[PDB]
Every structure is written in C-alpha cells, then in structure tokens.
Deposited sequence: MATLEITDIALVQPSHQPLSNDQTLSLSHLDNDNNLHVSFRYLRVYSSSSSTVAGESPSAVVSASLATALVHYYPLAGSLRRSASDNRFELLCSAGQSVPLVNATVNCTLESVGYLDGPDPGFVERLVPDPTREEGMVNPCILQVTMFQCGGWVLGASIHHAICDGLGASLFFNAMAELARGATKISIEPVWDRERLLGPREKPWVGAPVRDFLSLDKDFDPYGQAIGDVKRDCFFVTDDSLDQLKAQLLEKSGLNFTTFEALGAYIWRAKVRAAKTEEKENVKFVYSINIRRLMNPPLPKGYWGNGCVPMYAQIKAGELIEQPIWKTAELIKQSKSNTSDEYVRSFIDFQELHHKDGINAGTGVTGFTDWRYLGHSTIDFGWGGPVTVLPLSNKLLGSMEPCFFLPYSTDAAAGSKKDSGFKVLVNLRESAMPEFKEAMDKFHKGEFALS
C-alpha cells in the first residue's frame, strides 16, 4: 500500500491583494513559545477532481487569507514573530496518490495503515516558517480522498483554521464571496497593558526557565492510539460519580479525570511530582469587549488544574472531576489579560508549565461537518500533532457521525497499562474510589 507525490502546485490568490510589502505583527497569544509548532491534521472524504476544486477555492480564499502565504520571521528587535507578506506569495499544495481504497483501509478510523503520517506535510521548524501553511490532496483508488494541512500554530487556532477552511468549502460549494470577512487587528485587540499586571491564577500555573524545553523532554517514543467510548459507558460513569459526590459532571470533566488518572498511574509518576491537566478554552465570547466574529488568530488560552501525582492516582475520581470543574471558573476577561501581561513581562525568560503536563482538546465541535467541498462533510478527522499546550502527550476528543473516539498520545512504555485501563472502562469497572 504506497503513496506517491505526483506534483506540488504553488497557489496564489486569484487576484493580488497587495501592492506593497506588508509586515504583520502577531498577538501576544500568538507568540507564546508553546505554539512554535507546525499543527498537522487530516480530513477524509468519500467530475472535476478534488485537486482542482480545492486549489481553485484556495486561490479565491487567499484574497482575504493572504497571510497564510506569508513567511514567519523572528524580528531582530524582541525575537517575536512577525509575518512578511509580499505580492507573488503562494500556498503549496501537495498532490499525492495512494494505490488503495478508503474502505480497504477502514477510512483511517482504525489502526495506521503505515502511511498516515505521509498524508500531511511534516515541515521542519525552519521549513514551517518559510511556508506556515501547506495543504495536501491525496487520492485513493475509489475516488475517495484526504485533505492534509500543516498550519503553523502562531497564525491561528483550530477555530481560526476552521474559519479559513469553511470559507474554502463555501466557495467550492458555489459561493462567489465568503460569508465572514477575516479580521486581523491582532496587537490592538490582544496586546498587553501599558503597566502590565498578572494575577495569582496565571502566576500559580507558570514558571520561568530558559533551558527548559517542554517538547524536548526525555520520555521515550510517544505512541498514538484511539479508544471508542460509548454514550452508555459515559452515562453509567456520570451516574456513579453523582451517586458518590452529588455533582453532575460533563463528559469532559468525568472522562477527562479518568483518562488523566490512567495516564499518570501508567507513566509511573512519582507521588510528589506536580502534574497538570491543561486545556484550551475559547475566549472570543468572554473578553470585554468580545473579539470580532472573523478573528482567526489564537483566541484560546490554556486553563489548568494541578495536583501531586500521588493524590491524583489515589483520591476518588469524583474529587479529580470536581477539580477540573472548578478550573473552568478561573476563566475571566482578567485571566486572559493576566496571561497576555505575563508574556509581555517574560517572553524571553522561558515561560513554561513545567513537567507532567497532560494536554486535552475537545474537537467534538469546532465545525468539521460544515467543511464540504462537494463530496460531503468529513467521514474522519485525525490530528497528527503530539506537541501541544505544553504537553508531548496530548489527548483529543474526536467528533461523532453510539459514541466517539478518544485519541491519546502516550510514551510507549505506559501504553500497555493505559490500554488495559480503557478496557476496564469499556466494561464499566471504573475503580472510582
């Protein structure tokens, strides 16, 4: 089962939005060192070819979204990213071909056929700044196909990228203009205060060490695996957590606690180490004033819960679920401004969440089914990046179309015991207490 790169196309805006070079600056959220990665993910789809249709809509989208065709540069000044856009810039589109069928490979929902990494560019740090947006279209023998995207995380979050992709789709679906015009305004809207201030809720999470690389820790090879989780399993868990605590818990709080406990037990973390649950909340709608609907920059911030590893592995699940629930209350306009001001004060002083960070991202929404180029909405979405939110072992909740998959990245050494913890879970043996 083999994949071949047939050609690479350089796709320019359909008309050139720029006369003159324009150097754009990024928000203080965009320049967090934790987002210095090329975020990689793929969408699987069941005549003009998808290559033509995708590339033509990319062209027209790039009129408004031309910064994706830019280059990221460190600025001599302060070593923050700026984005160099000139006329003639392009997005690369890799055109590929695999000699098999989507159904013969179970639409990529199952185990990796062994080319799944080859389905989306994997740029180096240097390459991924020259080209902060690379797309790939890979045809299967059934006329089924995959859209891969490598987007540098400094330019947008999942929601921002989704804005960009929904625009391409809607143009592919016949539209001649896009429904939501993207807004830059980045250093105006998410810039620091003149006299920076940082509250305890941000100071209690973060730490300075210029030598510490959160994505360079020596944990071994990190494996990817998905576990199917049933609505019934989740409702029995929720009902027992309620029996024992008197609280009702979201799936994210309940399953999140179980998964975090299992991960940490299984990595054999030492009782006294501080470990973290870190997730990404939307703040577009919570700022004062709220951010414009077309903001496609980073509009997310990390929230956290923290606890000694021994307490997590030995206290009841419902105490851990409650702690994750409490963390959602730190969420305020001020928390975000506290966060931005810490980046202002300490950007070059190695801001970090320390060791033992597990990252959690809910992808169950984000607007994937609306991304339809003429072959229906995606039948499977699969994010390949394992470097996120300060974690080398991030976990995603993937969407529906009875239940949904959880994707976990975990050090090879811990994966067996974890797989066993998910088998137990699938049988309702939750060992809550």
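> What's missing from the model if you number the deposited sequence from 1?
Model skips 1, 48-54, 410-419 of the deposited chain.
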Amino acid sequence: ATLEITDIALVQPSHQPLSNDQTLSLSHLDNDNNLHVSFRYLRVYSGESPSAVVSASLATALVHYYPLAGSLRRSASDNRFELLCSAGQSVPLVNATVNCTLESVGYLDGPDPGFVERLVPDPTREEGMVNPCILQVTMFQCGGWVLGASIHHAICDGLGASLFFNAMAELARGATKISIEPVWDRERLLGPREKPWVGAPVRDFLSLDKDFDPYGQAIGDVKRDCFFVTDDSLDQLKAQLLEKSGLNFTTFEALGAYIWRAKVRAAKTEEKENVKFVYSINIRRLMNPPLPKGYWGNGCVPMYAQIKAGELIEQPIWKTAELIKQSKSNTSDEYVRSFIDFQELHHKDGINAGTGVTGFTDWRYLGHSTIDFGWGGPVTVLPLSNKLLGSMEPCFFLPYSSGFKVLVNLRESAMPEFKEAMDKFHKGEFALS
From here on, numbers count along this sequence of modelled residues.
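> Do at least a third of the other compared PDB entries leave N99 without coordinates?
Per the records, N99 goes unmodelled in at least a third of the other entries.
> Do a third or more of the other compared PDB entries fail to give coordinates for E271?
It is not, since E271 is included in all of the other entries that model both flanking stretches.
> Averaging C-alpha B-factors over each stretch, which comes out higher, 96-104 or 184-192?
The deposited B-factors put 96-104 ahead on the C-alpha mean.
> Identify the stretch, either 330-338 or 108-116, whose C-alpha atoms have the larger mean B-factor according to the entry.
It is 108-116 that shows the higher mean C-alpha B-factor.
> Is the Cα B-factor recorded for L410 in the lowest, middle or highest third of its chain?
CA B-factor rank for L410: lowest third.
> Name the third of the chain's ranked CA B-factors that contains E322, choosing lowest, middle or highest.
Within its chain, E322 is a middle-third residue by C-alpha B-factor, going by the deposited values.
> Sorting by Cα B-factor within the chain, modelled residues only, which third would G390 end up in: lowest, middle or highest?
For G390, the deposited C-alpha B-factor lands in the lowest third.
> Lowest, middle or highest third: where is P214 by C-alpha B factor in its chain?
Ranked within chain, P214 CA B lands in the lowest tercile.
> When the modelled residues of the chain are sorted by Cα temperature factor, does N166 land in the lowest, middle or highest third?
Lowest third.
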